[PDB]
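S.K.: This structure is in structure tokens; I'll ask about it shortly.
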Amino acid sequence: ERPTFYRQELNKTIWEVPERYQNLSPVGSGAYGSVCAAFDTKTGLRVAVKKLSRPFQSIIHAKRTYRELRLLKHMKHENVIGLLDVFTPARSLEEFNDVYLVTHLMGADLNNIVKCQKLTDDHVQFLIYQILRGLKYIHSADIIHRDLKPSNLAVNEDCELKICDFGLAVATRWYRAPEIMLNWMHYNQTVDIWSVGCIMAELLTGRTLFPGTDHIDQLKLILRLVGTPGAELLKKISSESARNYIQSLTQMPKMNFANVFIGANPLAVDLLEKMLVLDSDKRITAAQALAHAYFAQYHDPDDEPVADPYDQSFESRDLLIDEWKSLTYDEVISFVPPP
Ligand SMILES: CCCCCCCCO[C@@H]1O[C@H](CO)[C@@H](O)[C@H](O)[C@H]1O
């Protein structure tokens with residue numbers, strides 16, 4: 001039943017992994033934990049193996065460990081990072097102290113693609129299509145990503161793409177929706193559509209759309225493009241101080257995006273106009289965007305699947321270290337690899 005493990009001292013720690021994984025080599029350390037590239041001798045795939053850092057050091061670490069494992073076990077979609085394997089060298093709950101995750105090693109991210117390469121329109125369509133397809137799936141599980149940016153988009157050779165998080169793929173601020181920088185505290189899923197808009201603009205032009213030096217500059221750059229809030233939007237702002245400030249602003253009109261994205265496909269410009277709207281209620285959804293004529297060559301309504309509902313009820317629970325550890329052990333033990 002149980003595999004044979006082998007011991008190895010790497011970044012600065014012991015790696016104990018099943019002997020099916022060969023030729024470990026470090027590719028990234030820090031707040032994620034710690035990650036090695038490896039060859040999965042069973043499947044002939046290159047994989048990434050992540051050893052979680054200090055997984056059960058405190059209540060908060062332990063709950064984070066649980067959260068990450070639960071999320072990754074749920075995602076079963078071609079355009080979202082998934083779990084190939086999860087294991088521990090421990091034989092029982094009493095000795096359970098280390099957790100390793102195994103995912104595909106896609107060989108790069110969209111940062112590396114963006115300015116080593118000037119993208120054709122067909123290839124922009126393909127990249128954004130795959131983002132939106134993965135996002136439809138994530139949103140259907142009632143999950144919001146909140147941090148979509150090029151370094152969270154893994155890409156291989158053929159520019160097949162997966163949405164990532166937890167380090168498994170310069171400034172994050174550049175892709176954030178305005179309402180996050182205003183500390184809104186209720187978010188629509190379409191915060192993620194704003195970020196897609198920013199990413200798409202950049203694939204088209206080869207430049208960051210809103211390269212703010214800080215959150216205030218970032219907002220200034222955004223308003224110059226989309227204009228200052230209209231009355232219809234102002235009706236939905238409950239914060240007195242935010243209304244006051246916005247009202248102090250000298251009004252500016254929406255720019256016509258055709259004048260900004262010069263020479264882009266007219267359909268891409270249209271789609272951009274529908275993503276980069278200040279009012280989150282009026283942004284196109286991932287589902288609706290898939291059907292936009294810009295993606296006519298890739299869209300198939302019968303092959304854009306949705307997710308099973310994801311039980312987030314644990315986020316509201318306050319438990320002990322050993323309880324979060326036990327729940328995590330349960331999830332390791334119940335793991336079933338994909339085909
Ligand atoms: C500088 C002005 C920035 C205004 C940002 C406007 C965000 C508008 O989007 C708002 O998002 C909220 C939360 O997702 C929703 O509850 C509101 O109904 C919606 O209007």
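If you're wondering about the labels, chains in the structure tokens are A, B, ... by order shown, residues count from 1 in each chain, ligands from 1 in order shown.
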Can you tell me, as a ChimeraX atom specification, which residues in stretch 43-140 of chain A count as helix (DSSP H, G or I) by DSSP?

M.R.: /A:59-74,110-114,121-140

S.K.: Neighbours of ligand 1 at 7 Å or closer, counting only C-alpha atoms and all ligand atoms: which residues, as a list in words?

M.R.: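 Using only C-alpha atoms and all ligand atoms, everything at most 7 Å from ligand 1 comes to residues 178, 179, 182, 184, 186, 187, 188, 191, 219, 223, 228, 229, 233, 236, 246, 278, 279, 280 and 281 of chain A.
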
S.K.: Using only C-alpha atoms, pick whichever of A:88, A:128, A:173, A:40 has the shortest atom-to-atom distance to residue A:216.

M.R.: A:173

S.K.: Measuring between only C-alpha atoms, which one of A:185, A:203, A:196, A:81 shows the shortest distance to residue A:112?

M.R.: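 Ranked by minimum distance to residue A:112, first place goes to A:203.
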
S.K.: Between A:57, A:103, A:328, A:195, which residue has the minimum interatomic distance to residue A:36, considering only C-alpha atoms?

M.R.: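 Nearest to residue A:36: A:103.
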
S.K.: I need the residues in stretch 103-207 of chain A that are strand (DSSP E or B) according to DSSP; give them as a list in words.

M.R.: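 Matching residues, listed in order: residues 103, 104, 108, 109, 153, 154, 155, 161, 162 and 163 of chain A.
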
S.K.: Which is closest to residue A:153 among A:135, A:284, A:108, A:31, if we use only C-alpha atoms?

M.R.: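 Using only C-alpha atoms, the shortest distance to residue A:153 belongs to A:108.
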
S.K.: Using only C-alpha atoms, what table do you get, as JSON lines, when you list each residue of stretch 42-119 of chain A with an atom no more than 9 Å from stretch 305-326 of chain A, its nearest pair of atoms, and their distance in Å rounded to one decimal, rows by chain then rising number?

M.R.:
```
{"residue": "A:55", "atom": "CA", "partner": "A:325", "partner_atom": "CA", "distance": 8.7}
{"residue": "A:56", "atom": "CA", "partner": "A:321", "partner_atom": "CA", "distance": 6.7}
{"residue": "A:57", "atom": "CA", "partner": "A:321", "partner_atom": "CA", "distance": 8.2}
{"residue": "A:58", "atom": "CA", "partner": "A:321", "partner_atom": "CA", "distance": 6.4}
{"residue": "A:59", "atom": "CA", "partner": "A:321", "partner_atom": "CA", "distance": 4.9}
{"residue": "A:60", "atom": "CA", "partner": "A:321", "partner_atom": "CA", "distance": 8.3}
{"residue": "A:61", "atom": "CA", "partner": "A:321", "partner_atom": "CA", "distance": 8.7}
{"residue": "A:62", "atom": "CA", "partner": "A:324", "partner_atom": "CA", "distance": 5.7}
{"residue": "A:63", "atom": "CA", "partner": "A:324", "partner_atom": "CA", "distance": 5.8}
{"residue": "A:65", "atom": "CA", "partner": "A:324", "partner_atom": "CA", "distance": 8.4}
{"residue": "A:66", "atom": "CA", "partner": "A:324", "partner_atom": "CA", "distance": 6.7}
{"residue": "A:67", "atom": "CA", "partner": "A:315", "partner_atom": "CA", "distance": 8.2}
{"residue": "A:71", "atom": "CA", "partner": "A:310", "partner_atom": "CA", "distance": 8.4}
{"residue": "A:74", "atom": "CA", "partner": "A:310", "partner_atom": "CA", "distance": 7.2}
{"residue": "A:75", "atom": "CA", "partner": "A:307", "partner_atom": "CA", "distance": 7.9}
{"residue": "A:76", "atom": "CA", "partner": "A:307", "partner_atom": "CA", "distance": 7.8}
{"residue": "A:77", "atom": "CA", "partner": "A:305", "partner_atom": "CA", "distance": 8.0}
{"residue": "A:93", "atom": "CA", "partner": "A:326", "partner_atom": "CA", "distance": 7.0}
{"residue": "A:96", "atom": "CA", "partner": "A:325", "partner_atom": "CA", "distance": 8.2}
{"residue": "A:97", "atom": "CA", "partner": "A:325", "partner_atom": "CA", "distance": 8.7}
```

S.K.: Would you write out those residues with N, CA and C atoms, as a short mmCIF file (atom, residue, chain, number, x, y, z; two decimals), in the first residue's frame?

M.R.:
```cif
data_model
loop_
_atom_site.label_atom_id
_atom_site.label_comp_id
_atom_site.auth_asym_id
_atom_site.auth_seq_id
_atom_site.Cartn_x
_atom_site.Cartn_y
_atom_site.Cartn_z
N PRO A 55 3.70 24.04 9.04
CA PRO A 55 2.28 23.95 8.86
C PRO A 55 1.35 24.02 10.08
N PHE A 56 1.83 23.64 11.28
CA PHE A 56 0.94 23.52 12.44
C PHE A 56 1.59 24.25 13.63
N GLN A 57 2.37 25.27 13.30
CA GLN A 57 3.14 26.01 14.34
C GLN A 57 2.18 26.77 15.24
N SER A 58 1.05 27.20 14.71
CA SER A 58 0.04 27.99 15.50
C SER A 58 -1.33 27.68 14.94
N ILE A 59 -2.37 28.12 15.64
CA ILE A 59 -3.74 28.02 15.17
C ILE A 59 -3.88 28.60 13.75
N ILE A 60 -3.33 29.78 13.54
CA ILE A 60 -3.46 30.46 12.25
C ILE A 60 -2.76 29.67 11.12
N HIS A 61 -1.53 29.19 11.41
CA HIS A 61 -0.76 28.34 10.41
C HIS A 61 -1.57 27.12 10.07
N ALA A 62 -2.05 26.45 11.12
CA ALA A 62 -2.83 25.24 10.93
C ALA A 62 -4.11 25.43 10.12
N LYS A 63 -4.82 26.53 10.37
CA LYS A 63 -6.02 26.78 9.62
C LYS A 63 -5.63 27.10 8.14
N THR A 65 -3.00 26.02 6.56
CA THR A 65 -2.64 24.72 5.97
C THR A 65 -3.89 23.97 5.48
N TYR A 66 -4.90 23.86 6.35
CA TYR A 66 -6.18 23.28 6.00
C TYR A 66 -6.85 23.92 4.77
N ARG A 67 -6.94 25.24 4.79
CA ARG A 67 -7.54 26.05 3.76
C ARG A 67 -6.89 25.73 2.38
N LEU A 71 -8.79 23.80 -0.71
CA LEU A 71 -8.98 24.56 -1.97
C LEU A 71 -8.37 23.76 -3.10
N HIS A 74 -10.30 20.71 -4.19
CA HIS A 74 -11.56 21.00 -4.88
C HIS A 74 -11.37 21.28 -6.39
N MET A 75 -10.26 21.87 -6.75
CA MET A 75 -10.14 22.41 -8.16
C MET A 75 -9.83 21.32 -9.16
N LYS A 76 -10.79 21.11 -10.06
CA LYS A 76 -10.71 20.02 -11.07
C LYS A 76 -11.14 20.62 -12.41
N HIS A 77 -10.24 21.37 -13.02
CA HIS A 77 -10.49 22.12 -14.24
C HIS A 77 -9.17 22.33 -15.02
N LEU A 93 -1.63 9.78 12.95
CA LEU A 93 -1.94 11.18 13.27
C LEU A 93 -0.89 11.69 14.29
N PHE A 96 2.18 13.06 12.62
CA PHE A 96 1.90 13.90 11.44
C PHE A 96 2.39 15.31 11.66
N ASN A 97 3.50 15.67 11.01
CA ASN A 97 4.09 17.00 11.13
C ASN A 97 4.47 17.68 9.83
#
```

S.K.: Which is closer to residue A:149 than all the others in A:301, A:82, A:107, A:197, using only C-alpha atoms?

M.R.: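 Of all the options, A:197 lies closest to residue A:149.
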
S.K.: Restricting the calculation to only C-alpha atoms, which member of A:141, A:256, A:273, A:262 is positioned closest to residue A:198?

M.R.: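 Counting only C-alpha atoms, the residue closest to residue A:198 is A:273.
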
S.K.: Could you produce a table of the residues of stretch 59-89 of chain A lying within 12 Å of stretch 5-18 of chain A, with the nearest pair of atoms per residue and their separation in Å rounded to one decimal, using only C-alpha atoms, ordered by chain and increasing residue number, as CSV?

M.R.:
```
residue,atom,partner,partner_atom,distance
A:85,CA,A:18,CA,10.7
A:86,CA,A:17,CA,10.3
A:87,CA,A:17,CA,8.0
A:88,CA,A:17,CA,7.9
A:89,CA,A:16,CA,6.5
```

S.K.: Generate the output file for the selected residues, N, CA and C atoms, as an mmCIF file, in the first residue's frame.

M.R.:
```cif
data_model
loop_
_atom_site.group_PDB
_atom_site.id
_atom_site.type_symbol
_atom_site.label_atom_id
_atom_site.label_comp_id
_atom_site.auth_asym_id
_atom_site.auth_seq_id
_atom_site.Cartn_x
_atom_site.Cartn_y
_atom_site.Cartn_z
ATOM 1 N N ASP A 85 -0.959 14.984 -6.253
ATOM 2 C CA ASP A 85 -0.662 14.108 -5.133
ATOM 3 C C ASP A 85 -0.557 15.002 -3.884
ATOM 4 N N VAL A 86 -0.813 14.401 -2.739
ATOM 5 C CA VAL A 86 -0.497 15.026 -1.412
ATOM 6 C C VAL A 86 -0.033 13.887 -0.510
ATOM 7 N N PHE A 87 1.054 14.097 0.213
ATOM 8 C CA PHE A 87 1.570 13.031 1.073
ATOM 9 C C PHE A 87 2.275 13.557 2.305
ATOM 10 N N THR A 88 2.434 12.655 3.270
ATOM 11 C CA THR A 88 3.214 12.866 4.479
ATOM 12 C C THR A 88 4.042 11.589 4.764
ATOM 13 N N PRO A 89 5.296 11.764 5.219
ATOM 14 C CA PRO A 89 6.063 10.623 5.707
ATOM 15 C C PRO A 89 5.495 9.959 6.947
#
```

S.K.: Considering only C-alpha atoms, give me a table of residues in stretch 153-210 of chain A that are at most 12 Å from stretch 21-30 of chain A, with the closest atom pair and distance in Å for each, as a Markdown table.

M.R.:
```
| residue | atom | partner | partner_atom | distance |
| --- | --- | --- | --- | --- |
| A:166 | CA | A:30 | CA | 10.9 |
| A:167 | CA | A:28 | CA | 8.5 |
| A:168 | CA | A:28 | CA | 9.4 |
| A:169 | CA | A:28 | CA | 10.0 |
```
